[PDB]
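J.: Right, I'll just put the structure down here and ask away after.
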Amino acid sequence: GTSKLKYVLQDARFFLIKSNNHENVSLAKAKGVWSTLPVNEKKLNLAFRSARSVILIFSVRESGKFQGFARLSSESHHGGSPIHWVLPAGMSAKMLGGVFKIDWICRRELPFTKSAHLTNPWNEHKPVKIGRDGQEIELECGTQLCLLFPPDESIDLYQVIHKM
Ligand SMILES: CC1=NC(=O)CC=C1
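Residue numbering for the sequence shown follows the authors' numbering, beginning at 344 and increasing consecutively.
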């Protein structure tokens, strides 16, 4: 069912995350972490304290898809287990902000072609697939985008609901 999902998304905030490559999404999926640039880190920290759920929706650039979405489970922190992000040549690990712990809500992909009817009011109502890294997606668009993903039957949102 979608009911616990809808509960987790109730009054969530949603942020488009752009990964340069699949390796970093796969590391995020395996490690339950994400790191972003300071400008997005501060937005996500602000959002994490402001909303019951902060949902990161991941898209690998040039993939034409979203690769799933995750709920922030912490603010960003530094010093932890280092993550060997395959970073775009031009960026160093120091350029990144701290590390967010995330709980994956959906590890399945969704092709952009399936979200072509969703516009993001916070990006001039451009298709929700369109957005810079860190782009916040308004609640209704964000919720409908997440409900478009194939259900991820490997995930039990029971523990996620407990965190919120
Ligand atoms: C982990 C990562 N985050 C980004 O915001 C860009 C590239 C790699």
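No residue lacks a Cβ here, since even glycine has one placed at the ideal position from N, Cα and C.
(1) How many Å lie between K386 and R395 at the Cα?
(2) Quick check on DSSP: helix, strand or coil for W465?
(3) With hydrogens ignored, establish whether the beta-carbon of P431 is closer than 7 Å to any heavy atom of ligand 1.
(4) Nearer than 7 Å: is that true of the beta carbon of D476 relative to any heavy atom of ligand 1?
(5) Ends of the alpha helix (DSSP H) at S369?
(6) Quick check on the contact list: which residues have their beta carbon closer than 5 Å to a heavy atom of ligand 1?
(7) Look at the Cβ atom of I426, then the Cβ atom of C489, and state whether they are nearer than 8 Å.
(8) Straight-line CA distance for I448 to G433?
(9) Using the C-alpha atoms, what's the distance from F357 back to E384?
(10) Going by DSSP, what residues sit across from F401 in a beta bridge?
(11) Please identify the residue among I445, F492 and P381 whose C-alpha is closest to the C-alpha of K437.
(12) Considering just the uninterrupted stretch of the beta strand (DSSP E) at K444, what are its terminal residues?
T.: So, to answer that:
(1) Indexing the sequence shown from 1 puts residue 386 at position 43. Indexing the sequence shown from 1 puts residue 395 at position 52. Rounded to the nearest angstrom, the two C-alpha atoms are 15 Å apart.
(2) In the sequence shown, counting from the first residue as 1, residue 465 sits at position 122. Under the three-state reduction of DSSP, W465 is assigned to helix.
(3) Within the sequence shown, numbered from 1, the residue matching residue 431 stands at position 88. Shortest gap from the CB of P431 to any heavy atom of ligand 1: under 7 Å.
(4) Residue numbering aside, residue 476 sits at position 133 when the sequence shown is read from its first letter. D476: yes, Cβ under 7 Å from ligand 1.
(5) Here residue 369 corresponds to residue number 26 of the sequence shown, with the count starting at 1. Run containing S369: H365 to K374, per the alpha helix (DSSP H) assignment.
(6) Residues flagged by the Cβ proximity filter: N367, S378, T379 and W428.
(7) Along the sequence shown, read from residue 1 onward, the residue named residue 426 stands at position 83. Along the sequence shown, read from residue 1 onward, the residue named residue 489 stands at position 146. Contact flag unset, no.
(8) In the sequence shown, the residue the question calls residue 448 occupies position 105. In the sequence shown, the residue the question calls residue 433 occupies position 90. In a straight line, the C-alpha of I448 is about 31 Å away from that of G433.
(9) Locating residue 384 in the sequence shown gives position 41, counting from the first residue. Locating residue 357 in the sequence shown gives position 14, counting from the first residue. Rounded to the nearest angstrom, the gap between the Cα atoms of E384 and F357 is 14 Å.
(10) In the sequence shown, the residue the question calls residue 401 occupies position 58. DSSP output for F401 lists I360 and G411 as bridge partner(s).
(11) One-based indexing of the sequence shown puts residue 437 at position 94. Nearest neighbour of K437 by Cα position, chosen from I445, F492 and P381, turns out to be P381.
(12) As a first step, residue 444 is located in the sequence shown; it is residue number 101 there, counting from the start. In the DSSP assignment, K444 falls within the unbroken beta strand (DSSP E) covering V442 to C449.
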